[PDB]
Structures are given as structure tokens and as C-alpha cells.
Amino acid sequence: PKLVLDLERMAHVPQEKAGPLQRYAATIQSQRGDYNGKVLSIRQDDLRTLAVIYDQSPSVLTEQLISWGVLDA
Amino acid sequence: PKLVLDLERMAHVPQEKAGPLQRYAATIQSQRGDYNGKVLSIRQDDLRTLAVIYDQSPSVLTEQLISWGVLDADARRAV
Ligand SMILES: Nc1nc2c(ncn2[C@@H]2O[C@@H]3COP(=O)(O)O[C@H]4[C@@H](O)[C@H](n5cnc6c(=O)[nH]c(N)nc65)O[C@@H]4COP(=O)(O)O[C@H]3[C@H]2O)c(=O)[nH]1
Ligand SMILES: Nc1nc2c(ncn2[C@@H]2O[C@@H]3COP(=O)(O)O[C@H]4[C@@H](O)[C@H](n5cnc6c(=O)[nH]c(N)nc65)O[C@@H]4COP(=O)(O)O[C@H]3[C@H]2O)c(=O)[nH]1
Ligand SMILES: Nc1nc2c(ncn2[C@@H]2O[C@@H]3COP(=O)(O)O[C@H]4[C@@H](O)[C@H](n5cnc6c(=O)[nH]c(N)nc65)O[C@@H]4COP(=O)(O)O[C@H]3[C@H]2O)c(=O)[nH]1
Ligand SMILES: Nc1nc2c(ncn2[C@@H]2O[C@@H]3COP(=O)(O)O[C@H]4[C@@H](O)[C@H](n5cnc6c(=O)[nH]c(N)nc65)O[C@@H]4COP(=O)(O)O[C@H]3[C@H]2O)c(=O)[nH]1
């Protein structure tokens with residue numbers, strides 16, 4: 001199920017909560033030279049990486065991304 | 001050292017030589033829904049995959065793609 005991230009909502013999620021997601025997204029945009037401001041799709045196994053970054057389980061990370069509306073159900 | 005395949009050029013290579021590469025590209029394009037039909041950039045690690053499909057070393061495989069005009073000569077530095 002596509003990990004397609006809304007960078008708009010991402011940009012307005014409280015940092016307190018979303019700073020590591022934003023910095024991860026940013027290193028991918030930089031690697032890619034992909035600077036569109038709207039959407040970032042990322043690899044399925046990048047979910048596992050973000051989960052480590054947040055020290056959460058994938059499933060928890062997922063629910064939290066949905067809740068900020070950065071990912072869709 | 002980007003691996004960028006030239007699709008127009010690929011389509012001209014005879015199937016008995018380039019067929020496994022053409023099916024690989026079409027499989028990636030399908031997986032992506034990417035039908036620009038001009039260029040296909042692929043992962044560094046996908047060189048390994050094509051080399052396995054061709055039963056060639058990565059060096060041999062890359063030389064072949066350059067000879068077909070499908071990879072620019074850059075790609076040498078990827079192995
Ligand atoms: N997931 C995703 N990422 C996207 C999309 N559009 C653009 N990008 C990203 O944005 C970078 C720059 O895109 P571009 O310069 O406007 O424009 C491109 C594009 O015109 C062309 N290009 C190179 N390779 C490919 C390819 O495999 N497919 C397509 N459709 N275009 C490519 O070369 C430039 C740079 O390509 P890249 O190195 O791939 O780098 C791309 C890629 O990382 C998209 O629809 N989905
Ligand atoms: N810049 C960017 N746009 C994104 C991203 N995710 C989704 N999109 C948008 O959603 C469509 C499909 O993205 P996709 O699943 O990456 O699937 C894309 C992707 O696989 C590929 N693609 C398009 N442009 C590029 C490119 O510049 N470089 C590469 N490497 N692939 C590309 O073509 C497929 C279809 O592209 P489109 O339908 O025309 O247009 C896109 C694009 O408008 C993203 O991370 N970055
Ligand atoms: N080995 C290999 N497999 C490929 C390739 N292109 C597509 N696939 C497979 O096709 C899936 C969908 O690709 P996408 O629609 O462009 O959907 C892509 C896409 O938009 C984006 N994406 C992943 N990696 C890159 C990348 O290196 N550059 C760019 N610009 N976008 C990426 O995240 C998505 C989800 O990625 P995955 O979960 O890996 O999901 C990928 C992957 O399993 C390829 O060049 N090589
Ligand atoms: N549409 C589509 N294109 C794909 C996909 N996978 C690879 N590509 C294309 O192949 C190029 C090289 O992929 P790479 O060697 O994995 O080299 C990639 C890679 O190591 C890293 N990277 C980019 N996006 C992602 C991502 O979403 N996840 C991860 N884990 N790494 C990424 O940055 C490098 C440069 O990325 P780009 O300049 O976009 O350059 C990408 C791109 O144009 C895919 O799944 N979908």
C-alpha cells in the first residue's frame with residue numbers, strides 16, 4: 001500500500017512530533033534532486049527505517065502518520 | 001554514476017540479443033506506471049539483477065549495454 005506522503009500537511013504537523021519525518025523526507029528530496037512541494041512517495045522498506053528513527057514499531061508509526069494525515073488510510 | 005537507459009535506442013536492438021533487457025525494462029515501467037518512453041533510470045543494484053538474468057559479470061553486462069547505445073559510457077564507474 002503506497003507510502004505516499006503529503007508534504008503540505010507534513011509541513012504543518014507540529015515539529016515536536018514530526019521533525020524526524022521531515023528531516024528524513026528532506027534527505028530523500030536532496031538525494032533525488034526532487035523538490036516538488038506536494039508529495040513524496042518512498043520505498044516500503046523506508047517504513048521500517050522511519051520506525052527505527054522514531055524508535056516505534058512500524059504499525060505504531062503508520063497509525064501516527066495516518067493521524068497527522070501525512071499518509072492515507 | 002546514474003544508470004539511465006535510453007528507451008528509444010533499446011527498442012531498436014534485436015530481441016535475440018536485448019530481449020531479457022527489454023522485458024526487464026517493461027517490467028519496471030509496468031511496476032511504476034512510467035510510460036514516458038524516452039529514459040529509464042534504474043537502481044545501482046539493478047545492474048546486479050540484469051547481470052544475473054543475462055548470466056554475465058556486471059562488467060560484461062555493462063559493456064554490452066554501452067555497445068547497444070542504451071547506457072552512456074559513464075556507467076563504467078558503477079562497477
Ligand atoms: N517518485 C517520483 N519522483 C519524481 C517524479 N518526478 C520527478 N521525480 C524526481 O524529481 C527529480 C527531477 O525530476 P525532473 O528533473 O523534473 O525531470 C527528470 C526527468 O525529466 C528525467 N528522468 C530521468 N529518469 C527518469 C525516469 O526513470 N522516468 C521519468 N519519467 N523521467 C526521468 O530526468 C530528470 C531527473 O530524473 P531523476 O534523476 O529521476 O530525478 C527526478 C526524480 O527524482 C515522479 O512522478 N515520481
Ligand atoms: N516529483 C514526485 N512526484 C510524485 C512522487 N510521488 C508521486 N508523484 C506524482 O504521482 C504520480 C506517480 O508517482 P509515482 O508512483 O512515483 O510513479 C511515477 C514514477 O514511477 C515515474 N516517474 C515520473 N517522473 C519521474 C522522474 O523524473 N524520475 C523517475 N526516476 N521516475 C519518474 O513515472 C510514474 C508516473 O509519474 P506521473 O504519473 O506522471 O506523476 C506522478 C507524480 O505526479 C514523488 O515522490 N515525487
Ligand atoms: N529494483 C527496482 N524496483 C523498482 C524500480 N522502479 C520501480 N520498482 C518497484 O516498483 C514499485 C513502484 O514504483 P513507483 O510506482 O515509481 O513507486 C515508487 C516511487 O514513487 C518512490 N520511489 C522509490 N525509490 C525511488 C527512487 O530511487 N527515486 C525516486 N525518484 N522515487 C523512488 O517510492 C515508490 C515505492 O517504492 P518501492 O516500495 O521500492 O516500490 C517500487 C519498487 O518495488 C526500479 O528502478 N528498480
Ligand atoms: N520511479 C521510480 N524510479 C526509481 C525507483 N528506484 C530507483 N529509481 C530511479 O533510479 C535512480 C537510481 O536509484 P538508486 O541507485 O536506488 O539511487 C537512489 C537512491 O539511493 C536514493 N533514493 C531516492 N529515492 C529514494 C527513496 O524513496 N528511498 C530510499 N531508501 N532511497 C531513495 O537516491 C538515489 C537517487 O535517486 P533518483 O535521483 O530518484 O534516481 C533514481 C531514479 O531515477 C523507483 O522505485 N521508482
# chains A, B, ... in the order shown; residues from 1 in each chain; ligands from 1
>>> interface_residues(of="chain B", to="chain A", cutoff="12 Å", atoms="only C-alpha atoms", output="PDB file with N, CA, C and O atoms, in the first residue's frame")
ATOM      1  N   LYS B   2      24.807   7.718 -12.667  1.00  0.00           N
ATOM      2  CA  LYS B   2      23.436   7.308 -12.912  1.00  0.00           C
ATOM      3  C   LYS B   2      23.318   6.272 -14.053  1.00  0.00           C
ATOM      4  O   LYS B   2      23.949   6.408 -15.063  1.00  0.00           O
ATOM      5  N   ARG B  32       5.943   0.688 -12.212  1.00  0.00           N
ATOM      6  CA  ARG B  32       5.874   2.128 -11.925  1.00  0.00           C
ATOM      7  C   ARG B  32       4.669   2.851 -12.500  1.00  0.00           C
ATOM      8  O   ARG B  32       4.261   3.923 -12.011  1.00  0.00           O
ATOM      9  N   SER B  41      15.736   5.467 -15.670  1.00  0.00           N
ATOM     10  CA  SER B  41      16.830   5.456 -14.727  1.00  0.00           C
ATOM     11  C   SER B  41      16.580   4.232 -13.841  1.00  0.00           C
ATOM     12  O   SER B  41      15.436   3.968 -13.511  1.00  0.00           O
TER      13      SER B  41
END
>>> closest_atom_pairs(of="chain A", to="ligand 1", cutoff="6 Å", atoms="only C-alpha atoms and all ligand atoms", output="JSON lines")
{"residue": "A:32", "atom": "CA", "partner": "ligand 1", "partner_atom_place_in_ligand_line": "43 (O)", "distance": 4.0}
{"residue": "A:33", "atom": "CA", "partner": "ligand 1", "partner_atom_place_in_ligand_line": "11 (C)", "distance": 5.1}
{"residue": "A:34", "atom": "CA", "partner": "ligand 1", "partner_atom_place_in_ligand_line": "10 (O)", "distance": 3.6}
{"residue": "A:41", "atom": "CA", "partner": "ligand 1", "partner_atom_place_in_ligand_line": "1 (N)", "distance": 5.6}
>>> closest_residue(among="A:17, A:9, A:48, A:43", to="ligand 4", atoms="only C-alpha atoms and all ligand atoms")
A:43
>>> select_by_dssp(residues="chain B", states="strand (DSSP E)", output="PDB file with N, CA, C and O atoms, in the first residue's frame")
ATOM      1  N   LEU B   3      22.544   5.221 -13.843  1.00  0.00           N
ATOM      2  CA  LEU B   3      22.258   4.258 -14.894  1.00  0.00           C
ATOM      3  C   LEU B   3      21.009   4.655 -15.604  1.00  0.00           C
ATOM      4  O   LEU B   3      19.911   4.344 -15.165  1.00  0.00           O
ATOM      5  N   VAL B   4      21.156   5.380 -16.699  1.00  0.00           N
ATOM      6  CA  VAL B   4      19.975   5.873 -17.385  1.00  0.00           C
ATOM      7  C   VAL B   4      19.898   5.175 -18.713  1.00  0.00           C
ATOM      8  O   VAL B   4      20.803   5.313 -19.545  1.00  0.00           O
ATOM      9  N   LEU B   5      18.823   4.425 -18.919  1.00  0.00           N
ATOM     10  CA  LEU B   5      18.708   3.629 -20.126  1.00  0.00           C
ATOM     11  C   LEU B   5      17.970   4.455 -21.136  1.00  0.00           C
ATOM     12  O   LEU B   5      16.927   5.047 -20.840  1.00  0.00           O
ATOM     13  N   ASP B   6      18.476   4.435 -22.354  1.00  0.00           N
ATOM     14  CA  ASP B   6      17.835   5.140 -23.445  1.00  0.00           C
ATOM     15  C   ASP B   6      16.832   4.198 -24.080  1.00  0.00           C
ATOM     16  O   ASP B   6      17.239   3.260 -24.789  1.00  0.00           O
ATOM     17  N   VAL B  39      13.454   7.710 -21.387  1.00  0.00           N
ATOM     18  CA  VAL B  39      14.542   7.300 -20.499  1.00  0.00           C
ATOM     19  C   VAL B  39      14.048   6.457 -19.338  1.00  0.00           C
ATOM     20  O   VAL B  39      12.920   6.580 -18.900  1.00  0.00           O
ATOM     21  N   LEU B  40      14.911   5.599 -18.830  1.00  0.00           N
ATOM     22  CA  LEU B  40      14.559   4.767 -17.682  1.00  0.00           C
ATOM     23  C   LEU B  40      15.787   4.725 -16.783  1.00  0.00           C
ATOM     24  O   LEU B  40      16.803   4.063 -17.112  1.00  0.00           O
ATOM     25  N   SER B  41      15.736   5.467 -15.670  1.00  0.00           N
ATOM     26  CA  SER B  41      16.830   5.456 -14.727  1.00  0.00           C
ATOM     27  C   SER B  41      16.580   4.232 -13.841  1.00  0.00           C
ATOM     28  O   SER B  41      15.436   3.968 -13.511  1.00  0.00           O
ATOM     29  N   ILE B  42      17.617   3.495 -13.439  1.00  0.00           N
ATOM     30  CA  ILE B  42      17.372   2.301 -12.598  1.00  0.00           C
ATOM     31  C   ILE B  42      18.290   2.242 -11.414  1.00  0.00           C
ATOM     32  O   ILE B  42      19.319   2.908 -11.404  1.00  0.00           O
TER      33      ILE B  42
END
>>> closest_atom_pairs(of="chain B", to="ligand 3", cutoff="9 Å", atoms="only C-alpha atoms and all ligand atoms", output="Markdown table")
| residue | atom | partner | partner_atom_place_in_ligand_line | distance |
| --- | --- | --- | --- | --- |
| B:25 | CA | ligand 3 | 45 (O) | 8.7 |
| B:27 | CA | ligand 3 | 8 (N) | 8.7 |
| B:28 | CA | ligand 3 | 6 (N) | 5.2 |
| B:29 | CA | ligand 3 | 6 (N) | 7.1 |
| B:30 | CA | ligand 3 | 10 (O) | 8.0 |
| B:31 | CA | ligand 3 | 10 (O) | 4.5 |
| B:32 | CA | ligand 3 | 15 (O) | 3.6 |
| B:33 | CA | ligand 3 | 15 (O) | 6.2 |
| B:34 | CA | ligand 3 | 16 (O) | 7.3 |
| B:40 | CA | ligand 3 | 45 (O) | 7.7 |
| B:41 | CA | ligand 3 | 45 (O) | 6.4 |
| B:42 | CA | ligand 3 | 45 (O) | 4.0 |
| B:43 | CA | ligand 3 | 45 (O) | 5.1 |
| B:44 | CA | ligand 3 | 46 (N) | 8.6 |
| B:45 | CA | ligand 3 | 1 (N) | 7.2 |
| B:46 | CA | ligand 3 | 1 (N) | 5.6 |
| B:49 | CA | ligand 3 | 1 (N) | 8.1 |
>>> closest_atom_pairs(of="chain A", to="ligand 2", cutoff="12 Å", atoms="only C-alpha atoms and all ligand atoms", output="CSV")
residue,atom,partner,partner_atom_place_in_ligand_line,distance
A:1,CA,ligand 2,15 (O),11.2
A:2,CA,ligand 2,15 (O),7.9
A:3,CA,ligand 2,6 (N),9.1
A:4,CA,ligand 2,6 (N),6.4
A:5,CA,ligand 2,6 (N),8.0
A:6,CA,ligand 2,6 (N),9.4
A:7,CA,ligand 2,45 (O),9.9
A:25,CA,ligand 2,45 (O),9.7
A:26,CA,ligand 2,45 (O),11.4
A:28,CA,ligand 2,45 (O),9.0
A:29,CA,ligand 2,45 (O),8.2
A:30,CA,ligand 2,46 (N),11.7
A:31,CA,ligand 2,45 (O),11.7
A:32,CA,ligand 2,30 (N),8.4
A:33,CA,ligand 2,1 (N),9.2
A:34,CA,ligand 2,1 (N),5.6
A:35,CA,ligand 2,1 (N),7.0
A:36,CA,ligand 2,1 (N),5.4
A:37,CA,ligand 2,1 (N),8.4
A:38,CA,ligand 2,3 (N),8.0
A:39,CA,ligand 2,5 (C),5.4
A:40,CA,ligand 2,45 (O),3.5
A:41,CA,ligand 2,45 (O),3.9
A:42,CA,ligand 2,45 (O),6.5
A:43,CA,ligand 2,45 (O),9.7
>>> residues_around(residues="residue 63 of chain B", least_positions_apart="4", cutoff="8 Å", atoms="only C-alpha atoms", output="VMD selection string")
chain B and resid 59 67 76
>>> atom_distance(atom1="atom CA of residue 44 of chain A", atom2="atom CA of residue 8 of chain A")
20.8 Å
>>> atom_distance(atom1="atom CA of residue 23 of chain B", atom2="atom CA of residue 68 of chain B")
15.8 Å
>>> atom_distance(atom1="atom 31 (N, counted along the ligand's line) of ligand 4", atom2="atom CA of residue 16 of chain A")
24.7 Å
>>> select_by_dssp(residues="chain B", states="helix (DSSP H, G or I)", output="ChimeraX atom specification")
/B:7-12,15-32,46-54,58-67,73-78
>>> closest_residue(among="B:75, B:69, B:50, B:55", to="residue 7 of chain B", atoms="only C-alpha atoms")
B:69
>>> residues_around(residues="residue 59 of chain A", least_positions_apart="6", cutoff="12 Å", atoms="only C-alpha atoms", output="list in words")
residues 47, 48, 50, 51, 52, 65 and 66 of chain A
>>> residues_around(residues="segment 18-24 of chain A", least_positions_apart="3", cutoff="10 Å", atoms="only C-alpha atoms", output="list in words")
residues 7, 10, 11, 12, 13, 14, 15, 27, 28, 29, 46, 49, 50, 51, 53, 54, 64, 65, 68 and 70 of chain A
>>> write_last_selection(atoms="N, CA, C and O atoms", output="tab-separated table (two decimals), in the first residue's frame")
chain	number	residue	atom	x	y	z
A	7	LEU	N	3.37	16.39	1.68
A	7	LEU	CA	4.42	17.21	2.26
A	7	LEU	C	3.81	18.49	2.77
A	7	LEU	O	4.42	19.16	3.58
A	10	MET	N	2.52	17.54	6.00
A	10	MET	CA	3.73	17.25	6.75
A	10	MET	C	4.35	18.52	7.25
A	10	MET	O	4.95	18.55	8.33
A	11	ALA	N	4.27	19.57	6.45
A	11	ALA	CA	4.99	20.80	6.79
A	11	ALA	C	4.30	21.54	7.95
A	11	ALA	O	4.92	22.38	8.63
A	12	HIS	N	3.04	21.19	8.21
A	12	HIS	CA	2.25	21.89	9.23
A	12	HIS	C	1.98	21.02	10.46
A	12	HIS	O	1.45	21.50	11.46
A	13	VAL	N	2.34	19.74	10.40
A	13	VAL	CA	2.33	18.92	11.61
A	13	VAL	C	3.30	19.56	12.60
A	13	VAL	O	4.37	20.00	12.19
A	14	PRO	N	2.91	19.66	13.88
A	14	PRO	CA	3.88	20.14	14.88
A	14	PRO	C	5.22	19.41	14.77
A	14	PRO	O	5.23	18.17	14.90
A	15	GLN	N	6.31	20.15	14.54
A	15	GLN	CA	7.67	19.62	14.66
A	15	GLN	C	7.95	18.68	15.88
A	15	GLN	O	8.43	17.55	15.74
A	27	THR	N	16.23	14.44	3.28
A	27	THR	CA	17.43	13.80	2.73
A	27	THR	C	17.10	13.03	1.43
A	27	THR	O	17.92	12.97	0.55
A	28	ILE	N	15.89	12.51	1.31
A	28	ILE	CA	15.46	11.88	0.05
A	28	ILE	C	15.29	12.91	-1.10
A	28	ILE	O	15.84	12.74	-2.19
A	29	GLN	N	14.57	13.99	-0.84
A	29	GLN	CA	14.50	15.08	-1.83
A	29	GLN	C	15.87	15.53	-2.26
A	29	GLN	O	16.18	15.65	-3.45
A	46	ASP	N	11.43	1.77	3.53
A	46	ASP	CA	11.71	3.01	4.24
A	46	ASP	C	10.75	3.17	5.45
A	46	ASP	O	10.98	4.01	6.30
A	49	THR	N	12.62	1.92	8.26
A	49	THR	CA	13.66	2.89	8.64
A	49	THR	C	13.11	4.05	9.49
A	49	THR	O	13.76	4.51	10.44
A	50	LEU	N	11.96	4.60	9.07
A	50	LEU	CA	11.36	5.69	9.80
A	50	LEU	C	11.01	5.14	11.20
A	50	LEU	O	11.11	5.86	12.17
A	51	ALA	N	10.58	3.88	11.26
A	51	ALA	CA	10.13	3.32	12.53
A	51	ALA	C	11.30	3.26	13.50
A	51	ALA	O	11.17	3.66	14.64
A	53	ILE	N	13.96	5.22	13.25
A	53	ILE	CA	14.27	6.60	13.56
A	53	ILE	C	13.42	7.14	14.77
A	53	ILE	O	13.92	7.92	15.59
A	54	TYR	N	12.14	6.76	14.79
A	54	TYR	CA	11.18	7.19	15.81
A	54	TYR	C	11.20	6.26	17.05
A	54	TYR	O	10.54	6.55	18.08
A	64	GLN	N	0.26	6.74	13.42
A	64	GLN	CA	0.61	8.15	13.68
A	64	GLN	C	0.73	8.96	12.37
A	64	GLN	O	0.34	10.12	12.32
A	65	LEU	N	1.25	8.36	11.30
A	65	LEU	CA	1.36	9.10	10.05
A	65	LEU	C	-0.05	9.37	9.50
A	65	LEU	O	-0.34	10.47	9.00
A	68	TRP	N	-1.81	12.24	11.56
A	68	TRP	CA	-1.46	13.59	11.16
A	68	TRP	C	-1.94	13.84	9.73
A	68	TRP	O	-1.76	14.93	9.17
A	70	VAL	N	-0.62	12.64	7.12
A	70	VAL	CA	0.53	12.62	6.20
A	70	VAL	C	0.44	11.41	5.28
A	70	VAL	O	0.73	11.54	4.10
>>> decode(residues="chain A", atoms="C-alpha atoms", output="PDB file, in the first residue's frame")
ATOM      1  CA  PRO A   1       0.000   0.000   0.000  1.00  0.00           C
ATOM      2  CA  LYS A   2       1.827   3.114  -1.362  1.00  0.00           C
ATOM      3  CA  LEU A   3       3.670   5.112   1.240  1.00  0.00           C
ATOM      4  CA  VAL A   4       2.692   8.407  -0.425  1.00  0.00           C
ATOM      5  CA  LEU A   5       3.365  11.334   1.848  1.00  0.00           C
ATOM      6  CA  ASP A   6       1.599  14.717   1.778  1.00  0.00           C
ATOM      7  CA  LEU A   7       4.420  17.211   2.255  1.00  0.00           C
ATOM      8  CA  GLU A   8       1.898  20.028   2.705  1.00  0.00           C
ATOM      9  CA  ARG A   9       0.278  18.507   5.777  1.00  0.00           C
ATOM     10  CA  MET A  10       3.728  17.252   6.749  1.00  0.00           C
ATOM     11  CA  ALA A  11       4.990  20.795   6.794  1.00  0.00           C
ATOM     12  CA  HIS A  12       2.254  21.890   9.227  1.00  0.00           C
ATOM     13  CA  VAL A  13       2.326  18.920  11.608  1.00  0.00           C
ATOM     14  CA  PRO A  14       3.876  20.137  14.878  1.00  0.00           C
ATOM     15  CA  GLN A  15       7.674  19.618  14.664  1.00  0.00           C
ATOM     16  CA  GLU A  16       7.740  18.385  18.265  1.00  0.00           C
ATOM     17  CA  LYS A  17       6.100  15.333  16.643  1.00  0.00           C
ATOM     18  CA  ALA A  18       7.175  15.422  13.026  1.00  0.00           C
ATOM     19  CA  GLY A  19      10.742  16.716  12.958  1.00  0.00           C
ATOM     20  CA  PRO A  20      12.388  13.345  12.277  1.00  0.00           C
ATOM     21  CA  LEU A  21       9.893  12.540   9.440  1.00  0.00           C
ATOM     22  CA  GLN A  22      10.623  15.967   7.892  1.00  0.00           C
ATOM     23  CA  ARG A  23      14.385  15.587   8.072  1.00  0.00           C
ATOM     24  CA  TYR A  24      14.139  12.014   6.552  1.00  0.00           C
ATOM     25  CA  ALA A  25      11.920  13.386   3.725  1.00  0.00           C
ATOM     26  CA  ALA A  26      14.420  16.100   3.191  1.00  0.00           C
ATOM     27  CA  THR A  27      17.428  13.804   2.728  1.00  0.00           C
ATOM     28  CA  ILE A  28      15.458  11.877   0.049  1.00  0.00           C
ATOM     29  CA  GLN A  29      14.499  15.079  -1.828  1.00  0.00           C
ATOM     30  CA  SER A  30      18.132  16.102  -1.727  1.00  0.00           C
ATOM     31  CA  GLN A  31      19.444  12.707  -2.934  1.00  0.00           C
ATOM     32  CA  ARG A  32      16.831  12.763  -5.730  1.00  0.00           C
ATOM     33  CA  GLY A  33      17.000  16.444  -6.537  1.00  0.00           C
ATOM     34  CA  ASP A  34      13.223  16.076  -6.214  1.00  0.00           C
ATOM     35  CA  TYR A  35      11.988  19.467  -4.919  1.00  0.00           C
ATOM     36  CA  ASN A  36       8.263  19.404  -5.688  1.00  0.00           C
ATOM     37  CA  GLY A  37       6.434  20.715  -2.620  1.00  0.00           C
ATOM     38  CA  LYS A  38       3.416  18.460  -2.629  1.00  0.00           C
ATOM     39  CA  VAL A  39       4.129  14.741  -2.476  1.00  0.00           C
ATOM     40  CA  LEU A  40       6.924  12.279  -1.700  1.00  0.00           C
ATOM     41  CA  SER A  41       6.411   8.558  -2.292  1.00  0.00           C
ATOM     42  CA  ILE A  42       9.012   6.360  -0.646  1.00  0.00           C
ATOM     43  CA  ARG A  43      10.014   2.719  -0.604  1.00  0.00           C
ATOM     44  CA  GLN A  44       8.075   0.207   1.500  1.00  0.00           C
ATOM     45  CA  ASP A  45      11.201  -0.668   3.452  1.00  0.00           C
ATOM     46  CA  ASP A  46      11.706   3.008   4.243  1.00  0.00           C
ATOM     47  CA  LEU A  47       8.726   2.485   6.614  1.00  0.00           C
ATOM     48  CA  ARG A  48      10.956   0.186   8.698  1.00  0.00           C
ATOM     49  CA  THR A  49      13.658   2.885   8.640  1.00  0.00           C
ATOM     50  CA  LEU A  50      11.365   5.688   9.801  1.00  0.00           C
ATOM     51  CA  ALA A  51      10.131   3.320  12.530  1.00  0.00           C
ATOM     52  CA  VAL A  52      13.695   2.878  13.792  1.00  0.00           C
ATOM     53  CA  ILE A  53      14.275   6.596  13.559  1.00  0.00           C
ATOM     54  CA  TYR A  54      11.180   7.190  15.808  1.00  0.00           C
ATOM     55  CA  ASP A  55      12.004   4.124  17.930  1.00  0.00           C
ATOM     56  CA  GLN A  56       8.447   2.913  17.262  1.00  0.00           C
ATOM     57  CA  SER A  57       7.023  -0.209  15.721  1.00  0.00           C
ATOM     58  CA  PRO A  58       6.047   0.042  12.072  1.00  0.00           C
ATOM     59  CA  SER A  59       2.468  -0.319  12.979  1.00  0.00           C
ATOM     60  CA  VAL A  60       2.521   2.499  15.518  1.00  0.00           C
ATOM     61  CA  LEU A  61       4.468   4.703  13.127  1.00  0.00           C
ATOM     62  CA  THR A  62       1.914   4.024  10.452  1.00  0.00           C
ATOM     63  CA  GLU A  63      -1.090   4.888  12.636  1.00  0.00           C
ATOM     64  CA  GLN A  64       0.607   8.147  13.680  1.00  0.00           C
ATOM     65  CA  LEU A  65       1.359   9.101  10.047  1.00  0.00           C
ATOM     66  CA  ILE A  66      -2.280   8.483   9.159  1.00  0.00           C
ATOM     67  CA  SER A  67      -3.417  10.532  12.184  1.00  0.00           C
ATOM     68  CA  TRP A  68      -1.464  13.594  11.160  1.00  0.00           C
ATOM     69  CA  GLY A  69      -2.982  12.893   7.757  1.00  0.00           C
ATOM     70  CA  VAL A  70       0.528  12.623   6.199  1.00  0.00           C
ATOM     71  CA  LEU A  71      -0.362   9.122   4.943  1.00  0.00           C
ATOM     72  CA  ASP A  72      -3.850   7.950   3.863  1.00  0.00           C
ATOM     73  CA  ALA A  73      -5.722   5.008   5.440  1.00  0.00           C
TER      74      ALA A  73
END
